[PDB]
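# Secondary and tertiary structure notes
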Amino acid sequence: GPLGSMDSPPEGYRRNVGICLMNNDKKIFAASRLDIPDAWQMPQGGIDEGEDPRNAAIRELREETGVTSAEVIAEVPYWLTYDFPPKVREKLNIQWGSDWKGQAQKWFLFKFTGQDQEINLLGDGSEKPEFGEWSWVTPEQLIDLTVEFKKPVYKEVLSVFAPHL
Ligand SMILES: Nc1ncnc2c1ncn2[C@@H]1O[C@H](COP(=O)(O)OP(=O)(O)OP(=O)(O)O)[C@@H](O)[C@H]1O
């Protein structure tokens, strides 16, 4: 069958955690890039120095979106690992200044229990704004927004969170 997970953080990939948030309409919180038009994605982070995923995610979320009214409804039993192209990799190495093939992250489903006013793409006054906009999309739509190298990594999250969406 499908093979796009990881029951353990492999080598080359840096610690990371994803936060899959959904709306009362059963949509998935998708945010557009602040540098790439039409580039949508979900809030994620490379975990904190010696931080547990579930925490880094719940934390990272309030850092990337600042969403305070959100609770976990699901958690992918495995880790999601992806890779970047020779332009992104080669670019990150200089822009980000890191030498990694990708990032293994354990996506966690979060049910929004607040108001659209809580959604702050900037962050909780910690990190700098990464997204410029956001919208609600179905697990199939968000999949259409995601990129080829991030399709499975996402579909996995949704797939695992299907019963919740
Ligand atoms: N949909 C996309 N289309 C084109 N390039 C993309 C897309 N999504 C990501 N990228 C490229 O990949 C880079 C990083 O990929 P990704 O968004 O998966 O990682 P990340 O958000 O940097 O990870 P993190 O912030 O957790 O450390 C982007 O800066 C961009 O160059």
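Residues are labelled from 1 along each chain in written sequence order, independent of how the entry numbers them, and those without coordinates are excluded. Remark: hydrogens and water are excluded; side-chain values derive from all non-hydrogen atoms of the structure.

Looking at the entry header, you'll see solution NMR listed as the method.

Grouping buried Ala, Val, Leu, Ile, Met, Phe, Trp, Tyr and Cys residues that are joined through side-chain atoms within 4.5 Å yields what is termed a nonpolar core. Only protein chains enter the accessibility calculation, which uses a 1.4 Å probe. A residue is then buried if its area is under 20% of the maximum for its type, exposed if over 50%, and partly exposed in between. Formed by 22 residues in total, the largest nonpolar core has its most connected members in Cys20, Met42, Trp107 and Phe161. Helix and strand labels come from DSSP, where a helix needs a run of H or I of at least four residues and a strand needs a run of E of at least two; each type is numbered from the N terminus. Those elements that provide at least two residues to this core are β1 (13–22), β2 (28–33), β6 (80–83), α3 (141–145) and α4 (151–160). Excluding anything up to four places from it in sequence, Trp107 contacts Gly18, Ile19, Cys20, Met42, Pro43, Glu75, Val76, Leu80, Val153, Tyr154, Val157 and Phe161. In this structure, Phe29, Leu61, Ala70 and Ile119 belong to the second largest nonpolar core, which totals 18 residues. Any two residues whose heavy atoms approach within 4.5 Å are treated as being in contact.

Another aspect to go through is the site of the ligand. When at least one non-hydrogen atom of a residue lies within 4 Å of a molecule or strand, that residue is treated as near it. In the vicinity of the ligand lie 14 residues, with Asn16, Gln44, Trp96, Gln103 and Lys150 positioned nearest. Polar contacts here mean pairs of N or O atoms no more than 3.5 Å apart (in protein, one a potential hydrogen donor and the other a potential acceptor; neighbouring residues in sequence count only if both atoms are side-chain atoms). Between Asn16 and the ligand, the recorded distance is 3.0 Å, taken from a side-chain N or O atom to an oxygen atom. In this structure, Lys150 approaches the ligand through a side-chain N or O atom, which is 2.6 Å from an oxygen atom. Each accessible area is a Shrake-Rupley estimate made with a 1.4 Å probe; only the visible protein chains count as cover when residues are assessed. For the ligand, whose free accessible area comes to 610 Å², the fraction covered by protein is 83%. Elements supplying a minimum of two residues to the shell around the ligand: β4 (44–45) and α2 (86–95). Each residue receives one of three labels: charged for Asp, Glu, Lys and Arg, nonpolar for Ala, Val, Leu, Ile, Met, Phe, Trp, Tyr, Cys and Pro, and polar for the others, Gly being one of them. Looking at the shell around the ligand, its residues break down into six nonpolar, five polar and three charged.

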